[PDB]
Colleague: 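Pasting in a structure now, in structure tokens, and then I'll have a few things to ask.
Numbering of ligands and ligand atoms starts at 1, following listing order. Numbering of residues begins at 1 and proceeds along the displayed sequence.
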Amino acid sequence: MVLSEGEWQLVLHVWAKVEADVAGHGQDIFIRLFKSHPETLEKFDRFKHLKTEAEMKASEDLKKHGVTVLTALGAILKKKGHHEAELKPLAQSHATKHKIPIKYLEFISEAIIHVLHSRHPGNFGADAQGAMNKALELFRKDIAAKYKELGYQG
Ligand code: HEM
């Protein structure tokens with residue numbers, strides 16, 4: 001699949017807003033993910049002890065992790081589809097070291113859309129959400145293909 005320049009513009013326009021507060025968006029997204037799909041929390045040995053949203057918000061390590069994740073995702077989105085090089089190491093660590101099923105990538109994609117919808121309604125209307133979903137589907141599709149080449153079905 002391929003996004004048009006118009007769709008990329010919608011994606012990058014709302015992403016520019018997210019970059020005004022990467023740490024904050026990172027926390028909201030992971031808290032949403034962990035609360036909505038608690039099973040994903042078990043994949044993080046560093047955070048699986050967190051019991052409440054309050055503890056999650058107060059975790060300095062979780063906040064730093066969120067920044068690392070969103071920074072990596074932002075770099076991929078800014079490539080506008082030409083992300084082969086960026087995807088290689090990400091696909092290897094998540095398939096081989098962390099063992100993250102494609103299903104879980106769908107869950108975090110849902111969390112990202114939910115947070116952008118809540119925080120940026122004016123810049124995240126129907127068309128913008130469709131563009132973001134398409135960009136994330138492309139990401140998940142290419143990651144899945146790499147998973148297979150690497151020997152991980154998940
Ligand atoms: C938007 C998709 C995602 C991106 C861009 C992303 C990115 C990253 C990055 C850059 C790191 C640090 C470097 C590395 O280990 O490769 C990381 C670590 C990790 N990711 Fe992801 N990730 C994504 C989704 C997920 C999901 C859905 C899970 C599982 C629910 C997951 C689990 C992990 C784990 C367990 C680590 C190691 C954390 C640690 O122990 O420090 N990731 N991820």
Colleague: Checking the side chain of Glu7 only, and the main-chain atoms of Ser4 only, is there a donor and an acceptor separated by less than 3.5 Å?
Modeller: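 Such a contact is found between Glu7 side chain and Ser4 backbone.
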Colleague: Check each of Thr68, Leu77, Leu73, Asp45 against atom 12 (C) of ligand 1 and report the one with the nearest heavy atom.
Modeller: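 Looking at heavy atoms only, the winner is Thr68.
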Colleague: Please determine, by modelled atom types, if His120 and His25 share a side-chain donor-acceptor pair under 3.5 angstrom.
Modeller: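 Yes, because at least one side-chain N or O of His120 sits under 3.5 Å from a partner of the opposite role on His25.
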Colleague: Answer yes when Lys64 and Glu60 have at least one side-chain N-carboxylate O distance shorter than 4.0 Å, and no when they do not.
Modeller: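 No, this pair does not count.
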Colleague: Is it the case that over 12 heavy atoms from other parts of the model lie below 6.0 angstrom from the NZ atom of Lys88?
Modeller: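 Incorrect, the count does not exceed 12.
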Colleague: With heavy atoms of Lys43 as the reference, note each atom of ligand 1 found under 4.0 Å away.
Modeller: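 Checking each atom against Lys43, I get 35 (C).
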Colleague: Under the ring-ring contact (aromatic ring centres under 6.0 Å, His included) criterion, do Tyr147 and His94 qualify, and how do the steps go?
Modeller: CA-CA 9 Å; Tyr147 267 14; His94 289 60; 8.0 Å; no
Colleague: Closest non-hydrogen protein atom to atom 27 (C) of ligand 1, residue and atom name please, with distance?
Modeller: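 Checking every protein heavy atom, the shortest distance to atom 27 (C) of ligand 1 gives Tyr104 O, 3.4 Å.
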Colleague: Who's the nearest protein heavy-atom neighbour of atom 41 (O) of ligand 1, and how far?
Modeller: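 Nearest neighbour among protein heavy atoms for atom 41 (O) of ligand 1, to 0.1 Å: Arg46 NH1, 2.7 Å.
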Colleague: Pick whichever of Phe47, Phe139, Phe44 has a heavy atom sitting closest to atom 31 (C) of ligand 1.
Modeller: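 Checking each option, the heavy atom nearest atom 31 (C) of ligand 1 is found in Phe44.
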Colleague: Check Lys146 with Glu84, please: is the shortest side-chain N to carboxylate O separation under 4.0 Å?
Modeller: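 Counted as a salt bridge, because a side-chain N and a carboxylate O are separated by less than 4.0 Å.
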Colleague: What protein N/O/S atoms sit under 2.8 Å from atom 21 (Fe) of ligand 1, by chain and number?
Modeller: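 Listed by chain and number, the atoms are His94 NE2.
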Colleague: With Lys48, which residues qualify under side-chain contact (heavy atoms from CB on, under 4.5 Å), at least two apart?
Modeller: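 Counting only residues at least two positions away or on another chain, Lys48 forms a side-chain contact (heavy atoms from CB on, under 4.5 Å) with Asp45.
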Colleague: In the protein, what heavy atom is nearest to atom 24 (C) of ligand 1, and what distance, to one decimal place, separates them?
Modeller: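 Heavy-atom neighbour on the protein nearest atom 24 (C) of ligand 1: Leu105 CD2, 3.8 Å.
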Colleague: For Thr71 and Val22, work out which heavy atoms get closest and say how close.
Modeller: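 That closest heavy-atom pairing would be OG1-CG1, 4.5 Å.
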Colleague: Which pairs with one or both residues in residues 118-131 pass salt bridge (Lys or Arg N to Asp or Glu O under 4.0 Å), sequence neighbours excluded?
Modeller: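 Non-adjacent pairs meeting salt bridge (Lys or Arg N to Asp or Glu O under 4.0 Å): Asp21-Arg119, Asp28-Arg119.
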Colleague: I'd like to know if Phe107 contacts ligand 1, where contact means a heavy-atom distance under 4.0 Å to any ligand atom.
Modeller: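 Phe107 does not count as a contact of ligand 1 under the 4.0 Å cut-off.
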Colleague: Distance under 4.0 Å to a non-hydrogen atom of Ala72: what atoms of ligand 1 satisfy this?
Modeller: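 Heavy-atom distances to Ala72 below 4.0 Å select 10 (C).
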Colleague: Test: salt bridge (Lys or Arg N to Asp or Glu O under 4.0 Å). Region: residues 94-113. Which pairs qualify, not counting sequence neighbours?
Modeller: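 Every candidate salt bridge (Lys or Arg N to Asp or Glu O under 4.0 Å) pair involving residues 94-113 fails, so no pair, neighbours aside, qualifies.
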Colleague: Distance to 0.1 Å, residue and atom name: give those for the protein heavy atom nearest to atom 38 (C) of ligand 1.
Modeller: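 Scanning the protein heavy atoms, the shortest distance from atom 38 (C) of ligand 1 goes to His65 CE1, 4.0 Å.
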